[PDB]
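Visitor: Provided herewith: target.csv, CSV, C-alpha atoms.
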chain,number,residue,atom,x,y,z
F,1,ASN,CA,-6.9,30.4,13.4
F,2,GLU,CA,-8.0,27.8,10.8
F,3,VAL,CA,-10.9,26.0,12.4
F,4,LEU,CA,-10.7,22.5,10.7
F,5,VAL,CA,-15.0,22.4,9.9
F,6,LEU,CA,-16.3,18.8,9.6
F,7,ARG,CA,-18.8,18.4,6.6
F,8,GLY,CA,-21.1,16.4,4.4
F,9,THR,CA,-19.6,13.1,3.3
F,10,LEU,CA,-20.1,10.8,0.2
F,11,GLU,CA,-21.1,7.3,1.4
F,12,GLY,CA,-22.0,3.7,-1.9
F,13,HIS,CA,-18.5,-0.1,-1.8
F,14,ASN,CA,-19.5,-3.0,0.5
F,15,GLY,CA,-16.1,-4.2,1.6
F,16,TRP,CA,-13.4,-2.0,3.1
F,17,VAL,CA,-11.7,1.0,1.6
F,18,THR,CA,-8.1,0.0,1.3
F,19,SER,CA,-6.2,3.5,-1.7
F,20,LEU,CA,-7.7,6.8,-3.0
F,21,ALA,CA,-6.7,9.4,-5.6
F,22,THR,CA,-5.7,13.6,-6.3
F,23,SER,CA,-6.7,14.0,-9.9
F,24,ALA,CA,-3.3,13.7,-11.5
F,25,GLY,CA,-4.8,16.1,-14.2
F,26,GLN,CA,-8.5,16.7,-13.6
F,27,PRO,CA,-9.0,17.4,-9.8
F,28,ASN,CA,-12.8,17.0,-9.8
F,29,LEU,CA,-12.3,13.2,-11.9
F,30,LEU,CA,-12.7,12.0,-7.5
F,31,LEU,CA,-11.6,8.5,-8.4
F,32,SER,CA,-11.8,6.0,-5.5
F,33,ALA,CA,-10.5,2.5,-4.5
F,34,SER,CA,-11.9,-0.7,-3.1
F,35,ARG,CA,-11.9,-4.1,-1.3
F,36,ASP,CA,-14.9,-6.0,-2.8
F,37,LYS,CA,-13.6,-6.6,-6.4
F,38,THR,CA,-14.4,-2.2,-8.0
F,39,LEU,CA,-13.7,1.6,-8.2
F,40,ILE,CA,-16.6,3.9,-7.6
F,41,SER,CA,-16.2,7.1,-9.6
F,42,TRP,CA,-17.4,10.0,-7.5
F,43,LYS,CA,-17.8,13.5,-8.9
F,44,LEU,CA,-17.5,16.7,-6.8
F,45,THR,CA,-20.3,18.6,-8.6
F,46,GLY,CA,-19.5,20.9,-4.6
F,47,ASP,CA,-23.3,21.1,-4.6
F,48,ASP,CA,-24.8,20.0,-1.3
F,49,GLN,CA,-27.1,17.1,-0.2
F,50,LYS,CA,-24.2,14.1,-1.3
F,51,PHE,CA,-21.4,16.7,-1.0
F,52,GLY,CA,-20.9,16.1,-4.7
F,53,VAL,CA,-22.6,11.8,-8.3
F,54,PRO,CA,-21.5,8.1,-7.9
F,55,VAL,CA,-20.7,8.0,-13.0
F,56,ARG,CA,-18.6,4.8,-13.7
F,57,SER,CA,-18.6,0.8,-11.3
F,58,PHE,CA,-15.3,-0.3,-12.9
F,59,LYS,CA,-15.9,-4.7,-11.9
F,60,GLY,CA,-13.2,-7.4,-11.3
F,61,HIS,CA,-10.4,-8.6,-9.4
F,62,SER,CA,-11.4,-12.3,-8.7
F,63,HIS,CA,-9.7,-10.4,-5.0
F,64,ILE,CA,-8.9,-7.4,-2.8
F,65,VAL,CA,-7.6,-4.0,-4.1
F,66,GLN,CA,-4.7,-2.4,-2.2
F,67,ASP,CA,-4.4,0.4,-4.8
F,68,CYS,CA,-5.5,3.1,-8.2
F,69,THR,CA,-2.9,5.5,-9.5
F,70,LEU,CA,-4.0,8.2,-11.9
F,71,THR,CA,-1.8,9.0,-14.9
F,72,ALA,CA,0.1,12.2,-15.6
F,73,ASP,CA,-2.9,13.1,-17.8
F,74,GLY,CA,-5.5,11.8,-15.3
F,75,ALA,CA,-8.2,9.8,-17.1
F,76,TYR,CA,-6.6,6.3,-17.1
F,77,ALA,CA,-6.8,4.4,-13.8
F,78,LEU,CA,-4.2,1.7,-12.9
F,79,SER,CA,-5.4,-1.3,-10.8
F,80,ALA,CA,-3.7,-3.9,-8.6
F,81,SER,CA,-5.2,-6.6,-6.2
F,82,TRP,CA,-4.6,-9.9,-4.3
F,83,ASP,CA,-4.9,-12.2,-7.4
F,84,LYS,CA,-1.5,-11.1,-8.8
F,85,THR,CA,-1.9,-8.2,-11.3
F,86,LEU,CA,-2.6,-5.0,-13.5
F,87,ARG,CA,-5.8,-4.1,-15.3
F,88,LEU,CA,-5.6,-0.5,-16.7
F,89,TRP,CA,-9.0,1.1,-16.4
F,90,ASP,CA,-10.5,4.1,-18.4
F,91,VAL,CA,-11.8,6.8,-15.9
F,92,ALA,CA,-14.3,8.1,-18.4
F,93,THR,CA,-15.6,3.4,-19.2
F,94,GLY,CA,-16.3,-0.4,-17.6
F,95,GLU,CA,-12.6,-0.8,-19.6
F,96,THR,CA,-9.6,-3.1,-19.4
F,97,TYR,CA,-5.6,-0.4,-23.9
F,98,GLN,CA,-3.9,-3.1,-21.9
F,99,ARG,CA,-4.3,-7.5,-18.1
F,100,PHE,CA,-0.6,-6.7,-17.2
F,101,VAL,CA,-0.1,-11.2,-14.8
F,102,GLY,CA,3.6,-13.0,-13.4
F,103,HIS,CA,3.6,-12.0,-9.8
F,104,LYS,CA,3.0,-14.9,-7.3
F,105,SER,CA,2.3,-13.2,-4.0
F,106,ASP,CA,-0.8,-10.1,-3.9
F,107,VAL,CA,0.3,-6.7,-5.2
F,108,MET,CA,0.8,-4.2,-2.3
F,109,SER,CA,1.7,-1.5,-5.3
F,110,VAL,CA,1.3,0.9,-8.3
F,111,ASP,CA,2.7,4.3,-9.5
F,112,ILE,CA,3.6,6.3,-12.7
F,113,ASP,CA,6.4,8.7,-13.6
F,114,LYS,CA,5.9,12.3,-14.9
F,115,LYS,CA,5.3,11.3,-18.6
F,116,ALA,CA,3.1,8.2,-18.1
F,117,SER,CA,5.5,5.3,-19.0
F,118,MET,CA,7.9,3.1,-17.0
F,119,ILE,CA,5.4,1.9,-14.3
F,120,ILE,CA,6.4,-0.1,-11.1
F,121,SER,CA,4.8,-2.5,-8.5
F,122,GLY,CA,5.9,-4.1,-5.2
F,123,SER,CA,5.0,-7.6,-4.0
F,124,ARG,CA,4.9,-10.0,-1.0
F,125,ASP,CA,7.6,-13.0,-4.0
F,126,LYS,CA,9.6,-10.2,-2.2
F,127,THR,CA,10.8,-8.2,-5.2
F,128,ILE,CA,9.3,-5.0,-7.9
F,129,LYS,CA,8.7,-5.3,-11.6
F,130,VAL,CA,8.4,-2.6,-14.4
F,131,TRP,CA,5.4,-2.9,-16.7
F,132,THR,CA,5.4,-0.1,-19.4
F,133,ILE,CA,2.2,1.8,-20.3
F,134,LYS,CA,2.5,-3.8,-21.9
F,135,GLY,CA,2.9,-6.8,-19.6
F,136,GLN,CA,6.6,-6.5,-20.2
F,137,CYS,CA,9.7,-6.0,-17.9
F,138,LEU,CA,12.8,-3.7,-18.4
F,139,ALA,CA,13.8,-5.5,-15.2
F,140,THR,CA,12.8,-7.6,-12.1
F,141,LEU,CA,14.8,-5.9,-9.2
F,142,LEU,CA,15.7,-8.0,-6.2
F,143,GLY,CA,17.5,-6.1,-3.3
F,144,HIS,CA,15.1,-7.1,-0.5
F,145,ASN,CA,14.0,-10.3,2.5
F,146,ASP,CA,10.4,-8.5,2.3
F,147,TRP,CA,6.7,-7.8,2.4
F,148,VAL,CA,8.8,-4.0,0.0
F,149,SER,CA,4.3,-2.6,1.9
F,150,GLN,CA,4.5,0.1,-0.9
F,151,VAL,CA,7.5,3.0,-4.0
F,152,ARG,CA,6.5,6.5,-5.2
F,153,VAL,CA,6.8,9.4,-7.7
F,154,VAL,CA,9.9,12.0,-7.8
F,155,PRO,CA,7.7,14.8,-9.3
F,156,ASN,CA,10.6,17.0,-10.7
F,157,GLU,CA,11.3,22.5,-10.8
F,158,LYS,CA,16.4,20.6,-11.1
F,159,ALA,CA,14.1,20.6,-14.2
F,160,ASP,CA,15.1,16.9,-14.9
F,161,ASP,CA,18.4,15.8,-16.4
F,162,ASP,CA,16.7,12.6,-17.9
F,163,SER,CA,18.5,9.7,-16.0
F,164,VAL,CA,15.9,10.2,-13.3
F,165,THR,CA,15.2,8.8,-9.8
F,166,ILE,CA,12.2,7.0,-8.1
F,167,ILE,CA,11.8,5.0,-4.9
F,168,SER,CA,10.6,1.9,-1.9
F,169,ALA,CA,9.9,-0.1,1.3
F,170,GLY,CA,8.9,-3.5,4.8
F,171,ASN,CA,9.9,-6.2,7.4
F,172,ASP,CA,13.6,-5.8,6.7
F,173,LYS,CA,13.0,-2.3,8.2
F,174,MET,CA,14.4,-0.3,5.3
F,175,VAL,CA,13.8,1.9,2.2
F,176,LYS,CA,15.8,1.9,-1.1
F,177,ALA,CA,16.0,4.5,-3.9
F,178,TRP,CA,16.6,2.3,-8.6
F,179,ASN,CA,17.4,5.5,-12.2
F,180,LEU,CA,13.6,4.6,-12.6
F,181,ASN,CA,16.1,4.1,-17.0
F,182,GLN,CA,18.7,1.6,-15.8
F,183,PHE,CA,18.0,0.7,-12.1
F,184,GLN,CA,21.3,1.9,-10.6
F,185,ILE,CA,22.0,2.1,-6.8
F,186,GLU,CA,21.2,5.0,-4.5
F,187,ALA,CA,20.7,5.4,-0.7
F,188,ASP,CA,18.5,3.8,2.0
F,189,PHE,CA,16.8,4.6,5.4
F,190,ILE,CA,18.5,2.6,8.2
F,191,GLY,CA,17.1,2.1,11.8
F,192,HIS,CA,13.3,1.8,12.3
F,193,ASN,CA,11.4,-0.5,14.7
F,194,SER,CA,9.2,-2.8,12.6
F,195,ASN,CA,6.9,-2.3,9.5
F,196,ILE,CA,7.5,0.4,7.0
F,197,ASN,CA,3.2,0.3,6.1
F,198,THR,CA,3.8,3.3,3.8
F,199,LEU,CA,5.7,6.3,2.5
F,200,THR,CA,4.9,9.4,0.4
F,201,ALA,CA,6.6,12.1,-1.7
F,202,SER,CA,7.0,15.8,-2.4
F,203,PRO,CA,4.4,17.5,-4.6
F,204,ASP,CA,9.9,19.9,-7.5
F,205,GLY,CA,12.1,17.0,-6.3
F,206,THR,CA,13.3,17.5,-2.7
F,207,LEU,CA,10.7,16.2,-0.1
F,208,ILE,CA,9.5,12.8,1.2
F,209,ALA,CA,8.2,11.2,4.4
F,210,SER,CA,8.9,6.8,6.1
F,211,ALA,CA,6.3,5.9,8.9
F,212,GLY,CA,5.0,3.2,11.3
F,213,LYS,CA,3.9,-1.2,13.9
F,214,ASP,CA,6.2,0.8,16.3
F,215,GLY,CA,4.9,4.4,16.6
F,216,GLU,CA,7.5,6.8,15.3
F,217,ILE,CA,7.2,8.7,11.9
F,218,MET,CA,10.8,8.8,10.7
F,219,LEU,CA,11.0,11.6,8.1
F,220,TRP,CA,13.2,14.2,4.0
F,221,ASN,CA,16.2,15.0,1.5
F,222,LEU,CA,16.6,13.1,-1.8
F,223,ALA,CA,18.2,16.0,-3.8
F,224,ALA,CA,21.1,17.2,0.9
F,225,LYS,CA,19.7,11.7,0.9
F,226,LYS,CA,20.0,12.5,4.7
F,227,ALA,CA,17.8,11.3,7.6
F,228,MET,CA,15.7,14.0,9.2
F,229,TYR,CA,12.1,16.8,11.9
F,230,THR,CA,11.9,12.0,14.1
F,231,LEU,CA,8.4,12.4,15.6
F,232,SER,CA,6.5,10.2,18.0
F,233,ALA,CA,2.9,9.0,17.2
F,234,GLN,CA,2.2,6.2,19.8
F,235,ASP,CA,-0.7,2.9,17.2
F,236,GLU,CA,0.0,3.0,13.4
F,237,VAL,CA,-0.6,4.7,10.0
F,238,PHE,CA,-1.9,2.3,7.4
F,239,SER,CA,-2.4,6.4,5.0
F,240,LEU,CA,0.7,9.7,4.2
F,241,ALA,CA,-0.5,13.0,2.8
F,242,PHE,CA,1.2,16.2,1.5
F,243,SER,CA,-0.7,20.0,1.5
F,244,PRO,CA,0.5,20.2,-2.1
F,245,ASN,CA,2.4,23.5,-2.7
F,246,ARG,CA,0.7,24.4,2.7
F,247,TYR,CA,3.5,22.8,4.6
F,248,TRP,CA,1.0,20.4,6.4
F,249,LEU,CA,1.4,16.7,7.0
F,250,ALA,CA,-1.6,14.3,7.2
F,251,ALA,CA,-1.4,10.8,8.7
F,252,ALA,CA,-4.6,8.1,9.8
F,253,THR,CA,-3.2,7.4,13.2
F,254,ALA,CA,-6.4,4.1,14.9
F,255,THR,CA,-6.8,6.7,17.7
F,256,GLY,CA,-6.0,11.5,15.3
F,257,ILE,CA,-5.3,13.2,11.8
F,258,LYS,CA,-2.0,14.6,13.2
F,259,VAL,CA,-1.4,17.9,11.3
F,260,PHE,CA,2.1,16.9,11.8
F,261,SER,CA,3.0,20.5,10.8
F,262,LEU,CA,6.4,19.8,9.1
F,263,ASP,CA,7.4,23.5,9.5
F,264,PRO,CA,8.1,24.7,13.0
F,265,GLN,CA,7.1,21.5,14.9
F,266,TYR,CA,3.5,21.6,16.2
F,267,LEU,CA,0.0,20.0,16.6
F,268,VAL,CA,-2.1,22.8,14.9
F,269,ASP,CA,-5.9,19.9,14.9
F,270,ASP,CA,-6.9,16.2,15.5
F,271,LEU,CA,-9.9,14.7,13.6
F,272,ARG,CA,-11.4,11.8,15.6
F,273,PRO,CA,-15.1,12.8,15.4
F,274,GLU,CA,-18.3,11.2,13.3
F,275,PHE,CA,-19.0,8.6,16.0
F,276,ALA,CA,-22.2,5.4,17.1
F,277,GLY,CA,-22.4,1.9,18.6
F,278,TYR,CA,-18.8,0.7,19.1
F,279,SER,CA,-16.4,-1.4,21.2
F,280,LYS,CA,-13.0,0.3,20.5
F,281,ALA,CA,-10.5,-2.2,19.3
F,282,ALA,CA,-14.9,0.0,16.2
F,283,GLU,CA,-12.5,2.4,15.3
F,284,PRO,CA,-13.7,2.1,11.6
F,285,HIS,CA,-9.8,2.8,11.5
F,286,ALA,CA,-8.3,4.0,8.3
F,287,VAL,CA,-7.3,3.4,4.8
F,288,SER,CA,-6.4,6.1,2.3
F,289,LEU,CA,-6.0,9.9,2.2
F,290,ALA,CA,-5.3,12.8,-0.3
F,291,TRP,CA,-4.9,16.5,-0.8
F,292,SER,CA,-8.1,18.3,-4.1
F,293,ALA,CA,-5.0,17.7,-6.3
F,294,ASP,CA,-5.8,22.0,-6.1
F,295,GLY,CA,-4.8,21.4,-2.4
F,296,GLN,CA,-7.4,22.0,0.4
F,297,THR,CA,-9.8,18.5,0.3
F,298,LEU,CA,-9.0,16.8,3.4
F,299,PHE,CA,-10.4,13.5,0.2
F,300,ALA,CA,-10.4,11.8,3.7
F,301,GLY,CA,-11.1,8.0,3.3
F,302,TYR,CA,-12.2,5.4,5.9
F,303,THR,CA,-13.0,1.7,6.4
F,304,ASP,CA,-17.2,0.6,7.4
F,305,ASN,CA,-18.1,1.8,3.9
F,306,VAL,CA,-18.1,5.6,4.2
F,307,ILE,CA,-15.2,8.0,2.4
F,308,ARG,CA,-15.6,11.1,4.7
F,309,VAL,CA,-14.2,14.1,2.8
F,310,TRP,CA,-13.7,17.9,5.8
F,311,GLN,CA,-12.0,20.9,4.2
F,312,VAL,CA,-10.1,23.7,6.1
F,313,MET,CA,-12.1,27.0,6.2
F,314,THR,CA,-11.8,30.4,8.1
F,315,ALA,CA,-11.6,31.8,11.7
Z,1,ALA,CA,-1.5,-58.7,4.4
Z,2,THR,CA,-3.4,-62.0,4.4
Z,3,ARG,CA,-1.1,-64.9,4.5
Z,4,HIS,CA,-3.3,-68.0,4.7
Z,5,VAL,CA,-1.7,-70.8,6.5
Z,6,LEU,CA,-2.5,-75.7,6.3
Z,7,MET,CA,-1.6,-76.9,9.7
Z,8,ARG,CA,-2.4,-80.5,10.2
Z,9,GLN,CA,-4.6,-79.7,13.2
Z,10,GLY,CA,-6.3,-76.7,11.6
Z,11,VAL,CA,-5.8,-73.6,9.5
Z,12,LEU,CA,-4.6,-70.0,10.3
Z,13,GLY,CA,-4.5,-66.0,9.6
Z,14,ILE,CA,-1.4,-63.8,9.6
Z,15,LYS,CA,-1.8,-60.0,9.3
Z,16,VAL,CA,1.0,-57.4,9.2
Z,17,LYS,CA,0.6,-53.6,9.2
Z,18,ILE,CA,3.8,-51.6,8.6
Z,19,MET,CA,3.8,-47.8,9.1
Z,20,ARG,CA,5.8,-45.4,7.0
Z,21,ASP,CA,8.0,-42.5,8.1
Z,22,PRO,CA,6.3,-39.4,6.6
Z,23,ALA,CA,9.8,-38.2,5.8
Z,24,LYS,CA,11.1,-41.5,4.3
Z,25,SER,CA,8.8,-41.2,1.4
Z,26,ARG,CA,8.4,-38.3,-2.3
Z,27,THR,CA,4.0,-41.0,-2.7
Z,28,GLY,CA,1.9,-37.5,-1.7
Z,29,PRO,CA,2.0,-36.3,1.9
Z,30,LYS,CA,5.1,-35.5,4.0
Z,31,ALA,CA,3.5,-35.5,7.4
Z,32,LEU,CA,-0.3,-36.7,9.3
Z,33,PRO,CA,-3.1,-34.3,8.6
Z,34,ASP,CA,-2.5,-33.4,12.2
Z,35,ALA,CA,1.2,-32.3,12.4
Z,36,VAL,CA,1.5,-28.5,12.7
Z,37,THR,CA,5.2,-27.5,12.8
Z,38,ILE,CA,6.7,-24.1,13.8
Z,39,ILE,CA,10.2,-21.5,13.0
Z,40,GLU,CA,11.7,-19.9,16.1
Z,41,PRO,CA,11.6,-16.4,14.5
Z,42,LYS,CA,14.6,-14.1,14.2
Z,43,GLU,CA,17.1,-12.5,16.7
Z,44,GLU,CA,17.0,-8.8,15.8
Z,45,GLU,CA,18.8,-5.7,17.4
Z,46,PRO,CA,17.1,-2.4,18.2
Z,47,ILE,CA,16.9,1.1,16.4
Z,48,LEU,CA,20.2,3.1,17.0
Z,49,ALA,CA,19.1,6.5,15.7
Z,50,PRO,CA,18.5,7.4,12.1
Z,51,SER,CA,21.5,6.5,9.7
Z,52,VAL,CA,22.2,5.7,4.9
Z,53,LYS,CA,24.9,5.3,2.1
Z,54,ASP,CA,26.4,6.8,-1.1
Z,55,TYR,CA,26.7,4.6,-4.2
Kindly present the structure from the file in structure tokens form.

Guide:
Amino acid sequence: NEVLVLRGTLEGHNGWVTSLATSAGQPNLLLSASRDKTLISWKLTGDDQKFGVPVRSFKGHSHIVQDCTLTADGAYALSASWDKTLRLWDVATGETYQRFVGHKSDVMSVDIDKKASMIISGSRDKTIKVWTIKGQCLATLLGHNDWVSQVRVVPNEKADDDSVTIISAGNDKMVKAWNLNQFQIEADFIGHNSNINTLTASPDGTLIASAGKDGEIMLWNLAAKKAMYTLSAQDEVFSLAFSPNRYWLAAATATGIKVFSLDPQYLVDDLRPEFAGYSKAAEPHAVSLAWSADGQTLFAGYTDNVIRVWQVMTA
Amino acid sequence: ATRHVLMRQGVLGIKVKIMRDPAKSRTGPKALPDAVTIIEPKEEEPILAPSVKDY
């Protein structure tokens, strides 16, 4: 039934959209990512023209943003980039509470646990490093031999003990899940055929996805740690997306979005629309995606310089 | 170098030009500006199926 219809975008950046972020406490309060050294804050007013007011740039690094994770409260935006950081931005404002420095090779990430505290970040030095909500390390993990690509938060409804769990990534072709308090050892994902360039997580504590340079999307549990639904999607995803509470997958496969539908096992609905003056090898192929925090609004993002948000509505 | 020889006859010049092994060196450079050198990647083994551990 669900005819998914393709609508007004929100265009704005000069470089190349490379993440994007579900606001995670004020789902308007969009908050978007970059390549050309900012973060254009887009409202969703919504009211039609502009779908819905590009109200704070935020400028820079010196170099290219690969991320922009919102807090558990959702008004404090956490940077990264190719000049070896963080720089915690204020969503409201233009400012740098705490330069977090220290890496060597080019952050690839950023994420924040359910209370806004013991943050993490991958790298190319081939680690990891915790930097609390101060430029300071708990510790500097080293179990991987590689470019560890991405790490995620998971959002726990066994109501949290308190010695918790997070995750990771990927040229050694593996994952590894680090107690976020005292980085202990828990399981990994063996097998794959090249680069793990992403992963994702459950919106309670028992779901995950990884993904593709091979084609296959190798799925989860964390609270079963057993390898799952093994799909086959040709090119790659660069750019994965849970609906929050539907059971819909969203990931941007080059080519679709393949909604795969992680219950039964079907292709509902592929969005490759809209398109004007190209030689293929121009599509202006994505690099970040999200599901309205409250879970409709897919904020579909693309290279080019035009975000193209595309919600699901009625038959 | 130029080492002035004061034969009888008439006078000379000598000129030597060593070249140094880029490796044997430490002085700055370890090559020419030309020399581009390459690894012969790695020898990997394919897939299996899925598979995971508990620690």

Visitor: Work out how far atom CA of residue 102 of chain F is from atom CA of residue 139 of chain F, in Å to one decimal.

Guide: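 Between these atoms lies a distance of 12.8 Å.
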
Visitor: Which residues, written as a list in words, have at least one atom at most 9 Å from residue 2 of chain F, with all atoms listed in the file counted and residues fewer than 6 positions away on the same chain left out?

Guide: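 The residues satisfying every condition are residues 268, 312, 313, 314 and 315 of chain F.
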
Visitor: Take the residues from that selection and write them out as a short mmCIF file (atom, residue, chain, number, x, y, z; two decimals), in the frame of the given file, keeping C-alpha atoms.

Guide:
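After the write, result34.cif holds the following:
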data_model
loop_
_atom_site.label_atom_id
_atom_site.label_comp_id
_atom_site.auth_asym_id
_atom_site.auth_seq_id
_atom_site.Cartn_x
_atom_site.Cartn_y
_atom_site.Cartn_z
CA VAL F 268 -2.10 22.80 14.90
CA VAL F 312 -10.10 23.70 6.10
CA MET F 313 -12.10 27.00 6.20
CA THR F 314 -11.80 30.40 8.10
CA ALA F 315 -11.60 31.80 11.70
#

Visitor: Residues at most 7 Å from residue 305 of chain F, counting only C-alpha atoms, excluding those fewer than 6 positions away in the same chain, as a VMD selection string?

Guide: chain F and resid 11 13 to 17

Visitor: Enumerate, in order of chain and increasing residue number, the residues of chain Z with an atom no farther than 10 Å from chain F, each with its shortest atom pair and distance in Å to one decimal, counting all atoms listed in the file, as a tab-separated table.

Guide:
residue	atom	partner	partner_atom	distance
Z:45	CA	F:193	CA	9.4
Z:46	CA	F:193	CA	7.0
Z:47	CA	F:191	CA	4.7
Z:48	CA	F:191	CA	6.1
Z:49	CA	F:191	CA	6.2
Z:50	CA	F:191	CA	5.5
Z:51	CA	F:190	CA	5.1
Z:52	CA	F:188	CA	5.1
Z:53	CA	F:187	CA	5.0
Z:54	CA	F:187	CA	5.9
Z:55	CA	F:186	CA	5.5

Visitor: Quick one: of F:37, F:46, F:149, F:58, who's nearest to residue 311 of chain F, counting all atoms listed in the file?

Guide: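 Comparing F:37, F:46, F:149, F:58 against residue 311 of chain F, the winner is F:46.
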
Visitor: Quick one, how far is atom CA of residue 115 of chain F from atom CA of residue 44 of chain F?

Guide: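 Interatomic distance here is 26.2 Å.
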
Visitor: Which residues, written as a list in words, have at least one atom at most 10 Å from residue 61 of chain F, with only C-alpha atoms counted and residues fewer than 3 positions away on the same chain left out?

Guide: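 My list of contacting residues is residues 35, 36, 37, 38, 64, 65, 79, 80, 81, 82, 83, 84, 85, 86 and 87 of chain F.
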
Visitor: I'd like the interatomic distance between atom CA of residue 262 of chain F and atom CA of residue 33 of chain F, to a tenth of an Å.

Guide: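 The value is 27.7 Å.
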